[PDB]
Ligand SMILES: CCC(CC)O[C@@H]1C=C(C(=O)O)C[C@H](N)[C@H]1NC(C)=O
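The data below hold one chain only, encoded as structure tokens and taken in the form solved without this ligand.
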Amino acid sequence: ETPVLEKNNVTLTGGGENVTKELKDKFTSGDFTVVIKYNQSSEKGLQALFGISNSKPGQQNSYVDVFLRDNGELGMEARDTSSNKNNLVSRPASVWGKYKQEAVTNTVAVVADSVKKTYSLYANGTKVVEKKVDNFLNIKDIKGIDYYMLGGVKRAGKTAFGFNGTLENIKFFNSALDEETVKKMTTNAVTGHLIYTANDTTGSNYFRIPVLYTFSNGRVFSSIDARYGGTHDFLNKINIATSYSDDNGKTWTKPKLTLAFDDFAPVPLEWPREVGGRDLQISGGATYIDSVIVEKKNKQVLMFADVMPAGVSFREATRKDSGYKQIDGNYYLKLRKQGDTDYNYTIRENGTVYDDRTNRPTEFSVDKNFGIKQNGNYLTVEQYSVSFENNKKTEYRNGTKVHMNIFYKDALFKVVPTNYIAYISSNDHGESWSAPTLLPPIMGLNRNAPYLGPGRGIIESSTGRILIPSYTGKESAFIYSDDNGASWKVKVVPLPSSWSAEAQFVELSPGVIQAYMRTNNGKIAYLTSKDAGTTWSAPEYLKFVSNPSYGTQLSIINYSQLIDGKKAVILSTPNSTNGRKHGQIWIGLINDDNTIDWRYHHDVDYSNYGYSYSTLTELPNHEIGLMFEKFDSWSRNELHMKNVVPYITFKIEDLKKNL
């Protein structure tokens, strides 16, 4: 299959290029596929990569184009004036703008298929959207088409939507090419920046909440939320997936499911993006969400995650019950047997389930992965699948038998419907992991566990204290161990308001640490401890970040090499009052008095491009690795998008900009 027209290296500055002679009436069937490898010299304005139109007076709504906006949205229009049919199909955050101050080459494509009545758009190897439309128009359906142009749309004798950049290669086909062909044709260097991809070895179409960490041995490790029923926090099914690199981030392992329940199958789901439909959620599977990583002095690695029983949301969960009882001074996870009103049971030594009314063992036990046994044999429940049947969501028992689990909605014995924290440990730097341990009720018996601040933990250097950031909704909760992670305690710090205080730590000097965190007031706060986290100052705020009131998670790390003769920290955050956008990386130099000189910053892409949760690490060669949500993950317009969490790298010289 060969193009009706192929052109190369067309550099344009808003004026376009007429190719009417070279396309006129060549779209015989009316179907089309247009594949465009381009880079933009300026992202400003609405820009058309090509335009096929009726250019006559009064026919300004008779055209087809593919367009780009200054926020990375890719779309297409197909409009006919006299039928008054106006089709617009798009997806936000589909393309890249710039990277290290150079324009990024993207390859995008549109396919119009008359038999299916669908338009499909592709960017950098991903089919970003395919939509069936009742008012479908192919080229033959639009009346009096007479002008075909590169880099604009000719409307009433004037060039509209002028493209600024270079069309490195553009191919027009007069048929609808198949999906696999077009994915391949749009695959390029941008495609290789995705570690996790839709329907890879995780089975998930969607991801959020990346975390990077560099181990002592040189391995670069990642974890992430694999979110199956779109990108919703809740209700959903979420697993923690992981992937690692032993060549300084150049190549990564196929992702593994590292924390995952099996009450619901981990399957690729086409979550609707329409107004209304996009609010759909599943009934909820048992969930792990929001990971934190730290490597211990002895090289054992810990990973923490929040744990939610099936159907339980952060917002509706109980805040007044830890899910534990205290019996003879020991804390045991409690259970309610189906049909009881009270929690009459506890999981005690060797996972034996006791009846607390009689203080005797039952026939039941719970293994270290939370599965229930009766007389030494596993009880089972049937797994759920989710599907779409005529754009209708269905959940059903799918024929797979899995172990009954205390976190499942079908369990005979159930935990309190609240949030928990679990951790797992690895002795081989992430290749294999222990069974999970639920954190004891460190907030008290009558409070829920904290919520983790996604990213890393630290080991403070003078005491060896391990610190894990978390929050409650009104306090900071700094989880810590003074015995190399054998037992855990918490410092609870009341906050000026009800912040979603996702935090990360840095050490300024021995004993002196700061916790940087999200707030609800638009600013990034930092609290200071001069005794390795035992006591904390009142909040101070960064002067140079101004965000919306909901705020976003951040990443901050210590860096090992001197910059301008000073110890340095590296901060990643959005910085925009208009959304989760305008990602920046800031270098802060530690002054002799332990204040920070925020001396340099680098804008990650253009200012209106999306940038939400992020994670930094220092690579073994002292370059910087960044993985981030390259979209606005708060916006109701950018939910449920595929392949939007890339990994990129910077040398310090790439970052030392703007002063």
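Numbering starts at 1 and follows the sequence shown.
As for the form deposited with this ligand bound, it is not shown, yet the points below apply to it.
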Which one, 596 to 604, 51 to 59, 22 to 30, 628 to 636, holds residues whose non-hydrogen atoms are within 4.5 Å of this ligand in the entry with it bound? 628 to 636
Indicate whether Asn427 is a 4.5 Å heavy atom neighbour of this ligand in the entry with it bound. no
This ligand contact in the entry with it bound: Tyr471, any heavy atom under 4.5 Å: yes
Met308, heavy atom within 4.5 angstroms of this ligand in the entry with it bound: yes
Taking 4.5 angstroms as the cut-off for heavy atoms, does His582 touch this ligand in the entry with it bound? no
Give me the residue from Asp263, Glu295, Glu460, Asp233 that has a heavy atom within 4.5 Å of this ligand in the entry with it bound. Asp233
Tell me, which of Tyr451, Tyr516, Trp96, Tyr345 has a heavy atom within 4.5 angstroms of this ligand in the entry with it bound? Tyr451
